[PDB]
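To keep things clear, I will list the structure first and then write my remarks on it.
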Ligand SMILES: [Mg+2]
Ligand SMILES: [Zn+2]
Ligand SMILES: [Zn+2]
């Protein structure tokens, strides 16, 4: 427990409670002075202070009642899906059923309607077919008790029962109504005037067929047509509609959408019932991808004798498809075809007659629209990578082919005017066929350019994935194991396919040699027979919490976001995986922060120790002002459009009641840990199952391996964060006020580091003029220019000493935050804050590792990434794996997927991936190259150290002349210089000036320095630098050099003349070091707090 207080943490009164009490699960001392009570509910009942815990107690009560009921009526207990479902149904939330078929959807609908009818509430069950009405009714009548009133309507209805139904429905007195969609579409107004408390839809597609049915259901749950028309108008407008808080709605449940939920009508559910009708898209796949070096049919047969039953073949075209058809039909295997008898052999294979079914790339990826049974297909064979081909001549080259060329050449920049004839003309005029193929193969990266057949090959990754997925699916709550074998002789196609497969599906392909066959087959058949056995349920619901929406957006992609619930201030997306359901939501920043209300600026002292007092943040969307105070209107713009984080907290606590285990996945640094604890402390009294995972990569591998290393909230990190925060608050406020005494402006001093840095710049403005010394440039004949002392007049250079050596050149270490923020803001004309934004963007999108790092460590994973890229590029021999530094928390900034920037641009042009801007791509190119250089072999060169004589003054200079063997120079350019002899050279033109020995500061220089002098940490640099500009203490110029303004110089001069002991570097580095010692648990928390308080106590009295 970190000794702190939180403003809106109490579970029962909602007021202020401490940290430890919420850590355990107890309300505040106002609600409950008892330290170790027997029961919270009972003890709060006896104190007459039970206010909000009643909701939780009765929640678990009613839920456990539901669970016992379902466990008694049905055979076994609720499953992992029905658990979340039940925990949602006792709250009265409307949602979408995200699950495969056969896990008890209809069953759960019936039992829910039965329980709710048992309580006294009336419900309705809508079905697509009348046969399902009859069946559901059948199952209900023989499981419902006599006290329940069940009625139904269908086409072939009994003579007296058909009118009995009408008479019953007319009475407005029922408990459960069961009918078709036809009934709803026909009896719109008849159903609109009734009011239910529960509605179940076993098929949402039939209902979504008409628009009037949506309004019908919304009128059935308890919403008037006027509010419906209003919301309809608002969503027609384009903006969302706030649901009236005074509205008490019913319960609507829909099965997963099979098609695409187009229309303006579905959004009504999103804005009124707080849920989206998401369609079931399951990326749940357990497929092993293996590739064979050639189209050797002998190997094919050899594998066919191992796989036996459960094989599927995909051939290039129907011609060669018929060729292989004939081949294996003549070798006497169980042959099949889907271009002639696509329906007969389908079911023949389905039963067990045919063992191997052969198809074509497009003939089966489109003509399996029936059922497509994945419990028979265990192995999918690809005879040639699924790809598209384009001829490159005069014509036949598509729009994009000429586009990418000419755009970089010089004709189509004119607002991108598309005209094929024109493309042909330009092709005739400027390019010859040779030059054309050259330029195309030069520009187009990531694809396969065949100059031989004049064909451009693009591996259809989508087709390969959709086809491969037919060997793996969630069958009876168990994800069977698939096997996909590719027969591709050309390494280029296989490599392209492998990269764009690693890009989307995040799946890899192994060579034939590194694959155990009998083992894999055994595992497949084992998964099959394990799926066949009686399903003892294992599915679970899972909750993941992130601090930024971007993260959740990029998680949804490789998780499989189907539906999206909107909970209060936040939006939580749900995805179906193999292990069960996974819920992920965004917090959008911090939740708690120190309040300036009372205490030492923000922290209250009691019993010697220090106690920070926090509160929920509110950011305005209009002006953008953030404040911790519990205001209704903004103190700046006086507008109500604020973003209260206590709403986010309450929402999260509501959601935590649904999930079984909850994981927090914030940033691996101290900030993310502080946030993680700020959340877990709030959720702890609710659900006692909270853990912490640290994702360094936002990918499948990153997520999974972050989960494999799951831990609890380390308190040292949190303590360090609190220490730094408190220091910033105290010192910042003190120096701010002391500056208010002298200049008048309110907010001035931001902290200590800011003062130190501004001091550096100010003193730099002085030590830049005095370091101005005379120099002259000397362009030498048949050599290079040479910079020397001011005034020379001998017009000759005499080489005195010359020696050559063969050194091996090692590359520069991988990008850390210092390296990146420096060299990227240098090579590009970008500010450090902007570069930091780009870095964070690349990280959260899942292209680079965690950017806030100060170590050069590289796991064998990243090394393997480098080696695999080099393997693709054809130059794997120049690879050298370097750990660089064993000690270090995070890996250095490196690309997570072996894909160069050009390949990425291609993937975006094609239409696969990104919302990536140009600067994003360039920065990624920078990191990619620096990293690969840091993972490539050393460069053998030959450098000479020449001591020349210019104007009677000996002067040495070392230079690289020749490159013996090329290594890492393929990524980072290594410059070579003309050789030097042991003779005398003539000076062509002397150029006299006086460039300063100590040049002025740049942003990259500032970062370089506060890294060098040990001031700050990766999560502060760009912030600290930007603070100077934002306050108005610093400006840039022609050379984009950092110069202090009049104001800044005045401020630092004043601070220097008065309070220097609190600004001096020797104290700043000391404090930073001590806090970093707190970060590891090597220095006391409360003690350092006491120190800060002491020096603050000293400073304040001036
Ligand atoms: Mg069903
Ligand atoms: Zn309380
Ligand atoms: Zn505002």
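Here Swiss-Prot sets the residue numbers for chain A, with the shown residues being 2-1103 in order.
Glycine is no exception: its Cβ is also placed from the backbone N, Cα and C atoms.
As written in Swiss-Prot, here are the features:
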type     : residues                                   : note
BINDING  : 11, 14, 29, 32                             : Zn(2+) 1 binding site
BINDING  : 83, 100, 101, 102, 103, 104, 105, 106, 107 : ATP binding site
DOMAIN   : 87-242                                     : domain 'Helicase ATP-binding'
DOMAIN   : 300-522                                    : domain 'Helicase C-terminal'
REGION   : 390-460                                    : region 'Latch region'
DOMAIN   : 542-699                                    : domain 'Toprim'
BINDING  : 548, 668                                   : Mg(2+) binding site
ZN_FING  : 618-645                                    : zinc finger
DOMAIN   : 715-1101                                   : domain 'Topo IA-type catalytic'
ACT_SITE : 851                                        : active site, O-(5'-phospho-DNA)-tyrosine intermediate
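A map of Swiss-Prot features onto the structure.
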| residue | record | DSSP (3 states) |
| --- | --- | --- |
| 11 | Zn(2+) 1 binding site | coil |
| 29 | Zn(2+) 1 binding site | coil |
| 83 | ATP binding site | helix |
| 101 | ATP binding site | coil |
| 107 | ATP binding site | helix |
| 548 | Mg(2+) binding site | coil |
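Nearest by CA distance to residue 32 (Zn(2+) 1 binding site), out of the binding-site residues 105, 548, 668, is 548.
If you take the C-beta of residue 29 (Zn(2+) 1 binding site) and look for same-chain residues 6 or more apart in sequence within under 8 angstroms, you find 11, 13, 14, 16, 17, 18, 19, 22. Residue 105 (ATP binding site) sits 42 Å from residue 851 (active site, O-(5'-phospho-DNA)-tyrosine intermediate), taking the C-alpha atoms as the reference points. In the structure as shown, the Cβ atom of residue 107 (ATP binding site) sits within 10 Å of 18 other Cβ atoms. Report note: the Zn(2+) 1 site is defined by 11, 14, 29, 32, and the residues of the same chain whose CB lies within 8 Å of the CB centroid of those residues, excluding them, are 12, 13, 15, 16, 17, 18, 28, 30, 31, 33, 50, 52. If you take the Cα of residue 103 (ATP binding site) and the Cα of residue 851 (active site, O-(5'-phospho-DNA)-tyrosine intermediate), they are about 41 angstrom apart, rounded to a whole number.
Note: the region 'Latch region' (390-460) comprises 33 helix, 11 strand, 27 coil (DSSP; helix = H, G, I, strand = E, B).
Taking the mean position of the Cβ atoms of 83, 100, 101, 102, 103, 104, 105, 106, 107 as the ATP site, the remaining residues of that chain whose Cβ falls within 8 Å of it are 82, 98, 108, 109.
Under 6 Å, Cβ to nearest atom of ligand 1: this is the test, and of the binding-site residues 29, 101, 103, 105 it is passed by none. For the pair residue 548 (Mg(2+) binding site) and residue 851 (active site, O-(5'-phospho-DNA)-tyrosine intermediate), the C-alpha distance works out to 14 angstrom.
In the vicinity of ligand 2, defined as a Cβ distance under 6 Å, none of the binding-site residues 83, 103, 107, 548 are placed.
Note: the zinc finger (618-645) comprises 0 helix, 8 strand, 20 coil (DSSP; helix = H, G, I, strand = E, B).
Cβ neighbour count for residue 83 (ATP binding site): 26 (other Cβ atoms within 10 Å of its Cβ, all protein chains included).
Around the Cβ of residue 101 (ATP binding site), the same chain contributes 281, 283, 475, 577, each under 8 angstroms and 6 or more positions distant in sequence. A distance of 8 Å separates the Cα atom of residue 851 (active site, O-(5'-phospho-DNA)-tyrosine intermediate) from that of residue 668 (Mg(2+) binding site). Of all the Cβ atoms in the protein chains shown, 25 others lie within 10 Å of the Cβ of residue 11 (Zn(2+) 1 binding site). The binding-site residues listed here are 103, 105; among them, 105 has the most other Cβ atoms within 10 Å of its own Cβ.
Cβ neighbours of residue 668 (Mg(2+) binding site) (same chain, under 8 Å, six or more residues apart in sequence): 548, 851, 853.
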